[PDB]
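Chemist: Sequence plus experimental coordinates follow:
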Amino acid sequence: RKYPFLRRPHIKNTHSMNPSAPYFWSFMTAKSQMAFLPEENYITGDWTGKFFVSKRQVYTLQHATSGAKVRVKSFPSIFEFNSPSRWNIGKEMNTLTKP
Amino acid sequence: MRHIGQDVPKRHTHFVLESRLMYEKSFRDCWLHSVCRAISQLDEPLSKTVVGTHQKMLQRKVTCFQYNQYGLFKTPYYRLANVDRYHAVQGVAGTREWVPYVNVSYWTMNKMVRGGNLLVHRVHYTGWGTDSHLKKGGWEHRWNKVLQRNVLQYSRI
Amino acid sequence: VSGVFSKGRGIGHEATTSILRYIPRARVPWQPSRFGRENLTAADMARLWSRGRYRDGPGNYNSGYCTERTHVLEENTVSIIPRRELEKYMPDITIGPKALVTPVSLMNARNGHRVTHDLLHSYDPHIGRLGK
Amino acid sequence: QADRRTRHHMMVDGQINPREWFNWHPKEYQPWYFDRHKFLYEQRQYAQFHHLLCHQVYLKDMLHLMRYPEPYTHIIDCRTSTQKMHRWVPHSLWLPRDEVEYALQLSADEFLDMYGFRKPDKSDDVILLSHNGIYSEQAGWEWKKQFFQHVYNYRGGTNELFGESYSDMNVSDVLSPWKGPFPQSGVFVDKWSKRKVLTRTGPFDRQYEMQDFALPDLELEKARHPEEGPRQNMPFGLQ
Amino acid sequence: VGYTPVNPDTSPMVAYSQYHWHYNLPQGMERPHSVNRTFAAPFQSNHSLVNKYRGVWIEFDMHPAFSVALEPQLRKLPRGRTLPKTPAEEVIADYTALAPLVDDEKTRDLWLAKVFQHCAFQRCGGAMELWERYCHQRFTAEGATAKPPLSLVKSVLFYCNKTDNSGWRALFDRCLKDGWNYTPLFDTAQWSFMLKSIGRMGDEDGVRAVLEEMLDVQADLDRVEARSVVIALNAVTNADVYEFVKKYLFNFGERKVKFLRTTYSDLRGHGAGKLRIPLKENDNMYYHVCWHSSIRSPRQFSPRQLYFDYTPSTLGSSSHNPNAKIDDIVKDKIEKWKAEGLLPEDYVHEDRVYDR
RNA sequence: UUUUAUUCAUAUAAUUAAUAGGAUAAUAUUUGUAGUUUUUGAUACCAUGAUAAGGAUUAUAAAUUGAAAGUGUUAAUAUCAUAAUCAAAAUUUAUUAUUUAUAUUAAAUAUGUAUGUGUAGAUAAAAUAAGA
């Protein structure tokens, strides 16, 4: 079975490999670093509580500074980003899962 | 509600009906989203009237409004699922599974051709057909000819 | 009895129903008893409307407005992170209802629409009508 | 929870189920009105006589004719049983309804010497009066079958003209309740699948539907039905 | 074939079958259909007209010289489709002060009609004083035959309708064919307002008289306001009147009565809020209106809802269930023979089989 | 005593009954049309059609540039007309025909692991603008 280029019906088939040092920014992220963060980083309306943050949200300093728990959906039921660090800043959550 | 009264043999046929809503919402929210994205992403000065910090603040306000737009349809069209309206069969656009003009799956199109339900003209299965644009370059050439007919013939004052 | 809904209420006024019952009504021959969306109770209607927009609206558990403190998936229940904790690392940019509605002059450019809502709000009193 | 009268059985009691929508010919679903209050001979059951219906004459027209008679307007009285006849309509000649068939067959002289007055011609307009308009309407049918041009019927009749209560036919509008099975003459079969269905005849009749209907009076209907409601032997979703 | 029916429009099989036109034919026009010219239909839009006056017109045909003269006073008075906010008492005082100065009957009557119209629009309580001051001495003292122009009558009737006054009846009686004969000149909106006012008055006699007058004068029975008709028909407590309304409903159209039913139901239900005065309870007329609308509407066919309790024939019941119908049929035949002469009278008939 | 090639990648998650018209139209608040509640085959079963594999043979010689691809059945499969308890969004999940050595990530997130003298067994394909 073959499908049109860059139009694979599978959306989660993309396996984000180990981050590459030489680029580390022009891979799985925004093409330009002068662009604004996606909508997942912000709150649109008065919610009653988010179950888990999506994997498209970029990682910021406030994630490790605030201390609030963050979790994403993976092969298991859920994965919480325990022991927050500062090395993963400016990267989306999909690059730190290894499905 | 749940398989008490449905009046249809295939319950998945309602997915086409609800996808028509997606297209209607795209028609509603295409202009606003495009303008917001262009204004937010543009970095060079908008005009002689507005420059610098005014432009930066306007860009941030525009992207804040765009993010606050709840329910605005911003989805690539190829991500929309394509299912024939008659038999609820799913097909991938760009492959033989889907027929673009009839907008039905390959199975539905084959059934309607083998029956007397569509007016088509059979040609050789391993050729280019009657069309001269197809015979003189193929799908890409007919694509370019369609573009030229639709747009690249007007003066566009 | 396998009833989908345990309860239902009428829509006609109590002053007119008691007199109109004496006039026979022509029901649909293949389905005389009609139980539409209006006859649902307030709680049933709220639940059904919330479940309706499961793809884009608050119907999905993680989308929001789920009013449920725990989610059971993969035989492992998970608690819900509240909005107060969420807003610590998600800066709130909420404008309110004033953002979804566009000015009247933008109706032509938005194909006969003003509200930028998840659902298409028709301006006729026959599509989004619920009794009233 | 379920009853024989609420399920979707195809045939019960050795007879086609009249409650199922698929056991009826679709011609019975077509729109129709209630004509039980129009006239005795305008009813649907008299459709075979609907092509011979005559034009109407009113009380004001009769009074005008009485005050100013016209030279060639014949007012024919069709009231039989002269024991029940007591008053004379002005400018009227008596032609019995039982003898009208032979009267129209008689020649001019044969009519004159047999009924005492000359036979009106076809071109002359003739107004027929009876007790209630039934006998006069049948006479008008006979005249029009004999191809007379202007045959009008005064449906007001002797009852309206003189304040009399005599009835020429004494026809009971209410039809007796049906006794016996569905008549096989009303059984219809579709011409493709050979499936037998029912038609609005016999026990299931439009006359029976027009009767046993809600009375125009609220007090009368409330007295007709018990205090609980109009229909209570049926489920909640069937009322 | 299949639950989904074939489309007869775009299916080549049905298009080119034996019962339709093949594509190897001249493809000419089959028949020159002409429907609209053989039998046209009137324009009846379910939505009301958006450009109508939505009120009562007075035909302010004042002489131009007097209009120029009284223009400073006339600015307060309503113009075409414009209602100023000047209080009614001010214009009443102005008119009662400046009336002798005009010294022309036509313009005086037109000005008084405008004053009455303005007072009606403002729902001013006191305006019959002007009518008493300028009506008896000229028109209806005891036998005066001076016919007023068709502005004062319209204005006074509209004021009575707006203020629920009792003085409408005198002018309505004087406007009949015997007197002023201004009834044919009346408008549909005038009739609707009059019907509404008399309905919210308890005057069943007035409602009956106005209905008879409209029927005689060819008023638009299908253009009058449904709410006004419902209000007028609510006050039919009198029997004879009620019977008159029962025989009068047949004049209105099928659509008109079908929507009068809905208007009555809404007013007796959710319409109390939109009604200025709550509708007095009258169940008999509401039920009879519903019954009349149901009678005049086309009948559907609900076999289950009509023959739900259809008992089968006695033959079938006796064949299937062990009932006494087997001997009851014999007893019925014996009764028929007894009624006829075939069987002797004064002869007893006991049971034939055992009761089980 | 004849010729050619073959390492092939996603795969399940929850609810589906109605008709209602607007400017330039001789007038309808029908602006704003308000009568709960007796039924039930596929969230998981329709067996029947197509397809795969796939063959047939007359054209003498002169002229002409001409006068030249055709399918049963056996099989497997499946979404259709036929027999009520449940797959399509939360995708790991393994599904044949791929870029091999002068220069190699810029616009929707778009692949870091198999260099080893190109070295087995089996399998498929064609006489078709090519040159057995």
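Modeler: On my side now, so go ahead. Residues are numbered from 1 along each chain as shown, chains lettered A, B, ... in the order given.
Chemist: How about the residues of chain B by chain A?
Modeler: With Cβ under 8 Å from any Cβ of the partner chain as the criterion, chain B meets chain A at residues B:40-41, B:43, B:60, B:63, B:67-68, B:70, B:78-79, B:92-95. For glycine as for every other residue, the C-beta is placed from the backbone atoms N, C-alpha and C.
Chemist: What is the neighbour count of residue B:80?
Modeler: With neighbours defined by other Cβ atoms under 10 Å in any protein chain shown, the count for residue B:80 comes to 13.
Chemist: ok, now which ones touch it?
Modeler: Neighbour list for residue B:80: B:19, B:22 [criterion: Cβ atoms under 8 Å, 6 or more residues apart in numbering or on different chains].
Chemist: Give the buried subset of the residues of chain B next to chain A as a PyMOL selection command.
Modeler: Of the residues of chain B next to chain A, the buried ones go into a single PyMOL selection, burial set by 16 or more other Cβ atoms under 10 Å in any protein chain shown:
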select buried, chain B and resi 40+63+67+68+70+92+93
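Chemist: For the residues of chain B next to chain A, give me JSON lines that also has secondary structure.
Modeler: Formatted as JSON lines, the residues of chain B next to chain A follow (DSSP: H, G, I helix; E, B strand; the rest coil):
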{"residue": "B:40", "secondary structure": "helix"}
{"residue": "B:41", "secondary structure": "helix"}
{"residue": "B:43", "secondary structure": "coil"}
{"residue": "B:60", "secondary structure": "helix"}
{"residue": "B:63", "secondary structure": "helix"}
{"residue": "B:67", "secondary structure": "helix"}
{"residue": "B:68", "secondary structure": "helix"}
{"residue": "B:70", "secondary structure": "coil"}
{"residue": "B:78", "secondary structure": "helix"}
{"residue": "B:79", "secondary structure": "helix"}
{"residue": "B:92", "secondary structure": "coil"}
{"residue": "B:93", "secondary structure": "coil"}
{"residue": "B:94", "secondary structure": "coil"}
{"residue": "B:95", "secondary structure": "coil"}
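Chemist: give me the element the residue of the stretch 1-150 of chain E found nearest chain B is part of.
Modeler: For the stretch 1-150 of chain E and chain B, the shortest gap (Cβ to the nearest Cβ) falls at residue E:13, measuring 2.5 Å. Taking DSSP states H and E as the definition, residue E:13 sits inside helix E:12-15.
Chemist: gap between that helix and the chain center?
Modeler: 51 Å (Cα atoms, centre = their mean, to the nearest Å).
Chemist: Stretch D:4-22 now?
Modeler: For stretch D:4-22 - counting by Cα atoms, centre = their mean - the centre lies 32 Å from the chain centre.
Chemist: Report the buried residues of that stretch.
Modeler: In stretch D:4-22, counting by 16+ other Cβ under 10 Å, buried: D:5-6, D:12-13, D:15-21.
Chemist: Would you point out the most distant pair within these?
Modeler: Farthest-apart pair in these is D:13 and D:21; separation 18.9 Å (Cβ to Cβ).
Chemist: center of chain C, which residue is that?
Modeler: What sits nearest the mean C-alpha location of chain C, by Cα atoms, centre = their mean, is residue C:49, with 2.7 Å.
Chemist: distance of that one from residue A:40?
Modeler: 25 Å (Cβ to Cβ, to the nearest Å).
Chemist: what sits against residue B:135?
Modeler: Going by Cβ under 8 Å, 6+ apart, the list of residues near residue B:135 reads B:128-129.
Chemist: Against RNA strand F, how distant is it?
Modeler: 16 Å (Cβ to the nearest atom of the strand, to the nearest Å).
Chemist: thinking again about what came up before, from memory the residue of the stretch 1-150 of chain E closest to chain B sits against residue B:118, does it?
Modeler: No. Using Cβ atoms under 8 Å as the test, residue E:13 is too far from residue B:118 to be in contact (9.7 Å).
Chemist: Which of these two has more residues huddled nearby?
Modeler: residue B:118 (18 against 14).
Chemist: Redo the buried residues of stretch D:4-22 as JSON lines? Include distance to residue D:175 and secondary structure.
Modeler: Formatted as JSON lines, the buried residues of stretch D:4-22 follow (distance: Cβ to Cβ, whole Å; DSSP: H, G, I helix; E, B strand; the rest coil):
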{"residue": "D:5", "distance to residue D:175": "24", "secondary structure": "coil"}
{"residue": "D:6", "distance to residue D:175": "28", "secondary structure": "coil"}
{"residue": "D:12", "distance to residue D:175": "25", "secondary structure": "strand"}
{"residue": "D:13", "distance to residue D:175": "23", "secondary structure": "coil"}
{"residue": "D:15", "distance to residue D:175": "21", "secondary structure": "strand"}
{"residue": "D:16", "distance to residue D:175": "22", "secondary structure": "strand"}
{"residue": "D:17", "distance to residue D:175": "23", "secondary structure": "coil"}
{"residue": "D:18", "distance to residue D:175": "18", "secondary structure": "coil"}
{"residue": "D:19", "distance to residue D:175": "22", "secondary structure": "coil"}
{"residue": "D:20", "distance to residue D:175": "25", "secondary structure": "coil"}
{"residue": "D:21", "distance to residue D:175": "25", "secondary structure": "helix"}
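Chemist: Those residues also near chain E: which ones?
Modeler: D:5-6, D:12-13, D:15, D:18-21.
Chemist: quick one: which of the buried residues of stretch D:4-22 is nearest to residue A:63?
Modeler: residue D:6 (63.3 Å).
Chemist: Distance of the closest residue to that closest one other than its chain neighbours relative to residue C:16?
Modeler: Leaving out its chain neighbours, the residue that sits closest to residue D:6 by Cβ to Cβ, 6 or more residues apart in numbering or on different chains is residue D:235, at 6.5 Å. Separation of residue D:235 from residue C:16 (Cβ to Cβ): 22 Å.
Chemist: The two: which has the busier surroundings?
Modeler: Shown here are residue D:235 and residue C:16; by other Cβ under 10 Å, residue C:16 has more neighbours (18 against 15).
Chemist: What segments of the stretch 101-250 of chain E are helices?
Modeler: With helices called from DSSP state H, counting those that start in this stretch, the stretch 101-250 of chain E shows them at E:105-122, E:128-135, E:152-163, E:168-174, E:188-199, E:204-217, E:226-234, E:239-248.
Chemist: Residue D:99: which of those is closest?
Modeler: The nearest among the helices of the stretch 101-250 of chain E, by Cβ to Cβ, is helix E:239-248 at 38.1 Å.
Chemist: in chain D, which spans are helices?
Modeler: D:59-67, D:100-105, D:108-115, D:134-145, D:157-162, D:206-210, D:218-224 (DSSP state H).
Chemist: Hmm, I typed the wrong one, I wanted chain A.
Modeler: A:61-66.
Chemist: same question, chain C
Modeler: Under DSSP H, chain C gives helices at C:14-20, C:42-52, C:83-89.
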